[PDB]
Amino acid sequence: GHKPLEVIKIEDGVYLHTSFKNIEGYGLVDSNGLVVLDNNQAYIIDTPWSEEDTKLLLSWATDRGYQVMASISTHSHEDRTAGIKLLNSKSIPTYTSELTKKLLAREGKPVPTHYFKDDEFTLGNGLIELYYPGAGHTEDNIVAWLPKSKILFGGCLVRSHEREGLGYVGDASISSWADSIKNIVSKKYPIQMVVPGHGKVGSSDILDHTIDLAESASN
Amino acid sequence: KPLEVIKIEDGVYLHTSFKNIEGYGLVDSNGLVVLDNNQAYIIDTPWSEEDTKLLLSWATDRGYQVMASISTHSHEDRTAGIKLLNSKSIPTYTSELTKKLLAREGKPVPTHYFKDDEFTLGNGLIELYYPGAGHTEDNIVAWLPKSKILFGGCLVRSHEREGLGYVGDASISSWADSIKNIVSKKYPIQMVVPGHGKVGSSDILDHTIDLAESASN
Ligand SMILES: [Mg+2]
Ligand SMILES: [Zn+2]
Ligand SMILES: [Zn+2]
Ligand SMILES: [Zn+2]
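Residues numbered from 1 in each chain as written, not as in the entry; some residues may be left out. Chains lettered and ligands numbered in written order. Heavy atoms only, no water. Residues with missing side-chain atoms left out of burial classes, pairs and counts.

As summarised from the PDB record, the model derives from X-ray crystallography at a stated resolution of 1.980 Å.

### Quick notes on the sheet that holds strand 12 (residues 193-196) of chain A
Residues and elements named next belong to chain A. Taken together, 5 strands build an open sheet; the order of strands is 8-9-10-11-12 and the sheet is mixed. Looking at strand neighbours, the two that pair on one side only are strand 8 (120-123) and strand 12, the edges of this open sheet. Pairwise comparison of adjacent strand axes, ignoring direction, gives a mean angle of 25° for this sheet. Here strand 11 (residues 151-155) pairs with strand 12 via 4 bridges, running parallel. (Pairing = 2+ DSSP bridges. Helix = DSSP H or I, 4+ residues; strand = E, 2+ residues; numbered from the N terminus. Axes fitted to C-alpha atoms, helices over the stretch in contact; angles between N-to-C directions.)

### Some remarks on the coordination of the zinc ion (ligand 2)
All names here are of chain A. Ligation of the zinc ion (ligand 2) by protein atoms is provided by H75 (NE2), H77 (ND1) and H137 (NE2), these donors lying 2.0 to 2.3 Å from the ion. Along the chain, the residues donating to the zinc ion (ligand 2) fall in the pattern H-x1-H-x59-H. A gap of 4.2 Å separates the zinc ion (ligand 2) and the zinc ion (ligand 3). Here the residue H77 occupies a position in the loop between strand 5 (67-72) and helix 2 (78-81), and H137 occupies one in the loop between strand 9 (128-131) and strand 10 (143-146), the gap between them amounting to 60 residues. The pair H77 / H137 is uniform in exposure class, with both members buried. (Donors = N, O, S within 2.8 Å, 3.2 Å for Na, K, Ca; no water. Buried < 20%, exposed > 50% of the residue type's maximum accessible area, 1.4 Å probe, protein only.)

### Quick word on the UniProt feature "binding site: Ca(2+)" (unreviewed entry) in chain A
Residues and elements named next belong to chain A. Look at the UniProt record and you will see "binding site: Ca(2+)" (unreviewed entry) annotated at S71. Its place among the elements puts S71 in strand 5. Leave out the neighbours within four places in its chain, and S71 touches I44, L87, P93, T94, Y95 and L123. (UniProt positions renumbered as here; feature names shortened; annotations may be inferred. Contact = heavy atoms within 4.5 Å.)

### What to know about the interface of chain A and chain B
Each partner contributes residues to the interface: chain A has 16 residues there, and chain B has 11 residues. Elements with a minimum of two residues in the side of chain A that touches chain B: strand 2 (14-23), strand 3 (27-38) and helix 2 of chain A. Of the residues assigned to the side of chain A that touches chain B, the class counts are 5 nonpolar, 7 polar and 4 charged. (Nonpolar A, V, L, I, M, F, W, Y, C, P; charged D, E, K, R; others polar.)

### Re the coordination of the zinc ion (ligand 4)
All names here are of chain B. Only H73 (NE2), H75 (ND1) and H135 (NE2) from the protein reach the zinc ion (ligand 4) as donors, at distances of 1.9 to 2.2 Å. The sequence motif formed by the donor residues of the zinc ion (ligand 4) is H-x1-H-x59-H. Of this pair, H75 sits in the loop between strand 5 (65-70) and helix 2 (76-79) while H135 is found in the loop between strand 9 (126-129) and strand 10 (141-144), placing the two residues 60 residues apart along the sequence. An identical accessibility class is assigned to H75 and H135; each is buried.

### Side note on empty space enclosed by the protein
Residue and element names in this part refer to chain B. Considering only enclosed or pocket space, the largest cavity measures out at about 70 Å³ in volume. Here the second largest cavity defines a volume of roughly 30 Å³. Forming the boundary of the second largest cavity are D10, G11, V12, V34, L35, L125, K146 and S147. (1 Å grid on protein atoms, 1.4 Å probe; cavity = no way out; pocket = protein on both sides within 12 Å on 5 of 7 lines; lining within 4 Å. Points joined across faces, edges and corners; volume = space filled by probe spheres on them.)

### Thoughts on the pattern of salt bridges
Across all of its chains, the model carries 12 salt bridges over all chains by this definition. Counted as one network, the salt bridges with shared partners bring together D46(A), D79(A) and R80(A). (Salt bridge = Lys/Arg side-chain N within 4 Å of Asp/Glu carboxyl O.)

### Focus on helix 6 (residues 205-218) of chain A
Residue pairs three or four apart in sequence face the same way in an α-helix, which turns once every 3.6 residues. Residues and elements named next belong to chain A. End to end, helix 6 covers 20 Å across 14 residues, agreeing with the expected 20 Å (1.5 Å per residue, within 8%). Of the positions making up helix 6, those classed as buried are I206, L207, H209, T210, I211, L213 and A214. Packed against the buried residues of helix 6 are strand 11, helix 5 (174-186) and strand 12. (Expected span 1.5 Å × (residues − 1).)

Quick look at the structure:
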């Protein structure tokens, strides 16, 4: 029994959704995704951490008259993909990279109904730019760039300022992590904000901070 | 990663369980196996029925007879293995309050329970005490007169740490007073074992009170 999904506007047409989980002995932990609006059309970047909170996110959208067009999950882990089954059941198109899809299939988890094969892909016909920069937090982590709001959703490939560790490295490729962040920087996005998969939103600085953590863990 | 087990004194084993929480990291959870000859008593079951079966096999591979388990409160953290020990017909113990709390949530209940604020297990091997609400409304602590160890469970917080943990079921304004009741026993404490984290001295005790006299502020 935890507190419910929270949804708040961080830019024009961009909402941060945050779900929560009780971690006994530690306390309450947060997990972020985004909803991106294109007129009356809504696109979900990473599902909430549970099916129950995914239901609340869909209710949030439909109560405002929005049409949920698609979701994209930025890697295969539960906190990115928990809602995929529910969205599939409502015939809402679900997306991941090809690798992410096949990773889910191997662990016998529900898979998206759609997937992209190349290092770049777009959702909402240019609204959301997706990019695979290399392995880091996981083999398959991708990032999402929003040209209009100039928001980079880094997911778990990036660490908030409040953290001085990489977090869960069980599926990680630490010696590749720093290079993967560098690849994002090389894209030369005019980043105004970076949204992490956990913790507070920040600036371009998050990338440098993440590179420091990666290079420390590998040394 | 799989269950771990560690000698921390003659006749006292620390068992630590782990499980992957996707989206944050790996968590640990502590309990004890206390021995009287070949008779073993478990303080808090591991976090899973799997790890509990592993903990049982650890005991029976060494010829130990598992006499009973005690759970320090009703959270799955501490009672996950009750139904297994029940199925294996091994006596399971909690406070009466913890038992009633488990029945209401429709979760497995222990076969045994004590009704007072004090209760002794083994033949003096383990002294149980209910100091009042803190982590939960029902949390109890276990004192080991021989090893002079106090198992604090989640009613206590290691340092190497902060943040009283999950306080959803907590009585934060009651916490500090509950901890002081444990000091009232004047147990010749030389060691404290928290439900999570590292093993410490009688300092872990005073530390936990600072956090309660701070969250209630
Ligand atoms: Mg991928
Ligand atoms: Zn992850
Ligand atoms: Zn995550
Ligand atoms: Zn608890």
